[PDB]
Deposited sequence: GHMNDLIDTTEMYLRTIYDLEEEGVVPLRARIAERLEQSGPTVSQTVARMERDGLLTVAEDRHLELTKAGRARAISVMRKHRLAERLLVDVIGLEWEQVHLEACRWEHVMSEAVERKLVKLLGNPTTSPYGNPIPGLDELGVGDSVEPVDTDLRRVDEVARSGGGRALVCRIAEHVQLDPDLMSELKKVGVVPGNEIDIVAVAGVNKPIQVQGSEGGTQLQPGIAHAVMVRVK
């Protein structure tokens, strides 16, 4: 599946991994973007040369000042696009991410500023993810969001009832799953019951308003909640 802009997608993939609290290795980009190990190393070496990131001693990818600025720019365009697609155009909830993942590469700042006014200064995407780099456009007290905990960690800690706050970009990549989440009611601003499990690698059981479903460890890790 075509990336439209390779550089911008590598940057946003590193950003996504930081938001999920995952160590941004080249191995993670290979999995996510379905590219070969050698391809990712060569493209990262090209981005390093252009000064958008650096490979550390422990080999985790570190964005430069320019890299982080560009990554935020792309992610801002992504979540403003998602807002436009949901609130104004009315594209179906499960299809919006894949559309927005293309639009992020072609949107000007000029339009971003027009979308901010049209959408009433939005701060979060339709999936509850905060919209960064709104200062750079020219636009609010940010929520602390330290109370937010990952569904996998809540489950391993003994489960309990919690309010769904964020569904990360990683989860949005599977439309069929996003349809399953919408049906049973694992969406932002809905209460769910997280069943207790023991140890990693085990699929977490969750009970929504309209039934329940199973989340994989990597999916559960990407869903953030506030426990009641």
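The chain's deposited sequence has unresolved stretches at 1 to 3, 143 to 144, with no C-alpha coordinates there.
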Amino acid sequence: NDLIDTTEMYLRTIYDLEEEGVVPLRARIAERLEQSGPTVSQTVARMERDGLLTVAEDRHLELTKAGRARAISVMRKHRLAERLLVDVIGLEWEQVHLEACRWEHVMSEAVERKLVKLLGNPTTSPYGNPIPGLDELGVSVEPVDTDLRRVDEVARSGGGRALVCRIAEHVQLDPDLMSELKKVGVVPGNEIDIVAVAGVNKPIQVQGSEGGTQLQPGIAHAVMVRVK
From here on, numbers count along this sequence of modelled residues.
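When the two stretches 212 to 220 and 18 to 26 are set side by side, the higher mean Cα temperature factor goes to 212 to 220. Once the C-alpha B-factors are averaged per stretch, 51 to 59 and 193 to 201 rank with 193 to 201 first. As recorded in the entry, 138 carries the highest CA temperature factor of 90, 130, 120, 138. Of the candidates 181, 164, 33, 40, the one whose C-alpha carries the top B factor in the deposited record is 181. Among the modelled residues of the chain, residue 156 sits in the highest third by CA temperature factor in this PDB entry. Ranked within its chain, residue 144 lands in the highest third, by CA B factor from the PDB record. For residue 177, the recorded CA B-factor ranks within the highest third of the chain. Only modelled residues enter the ranking.
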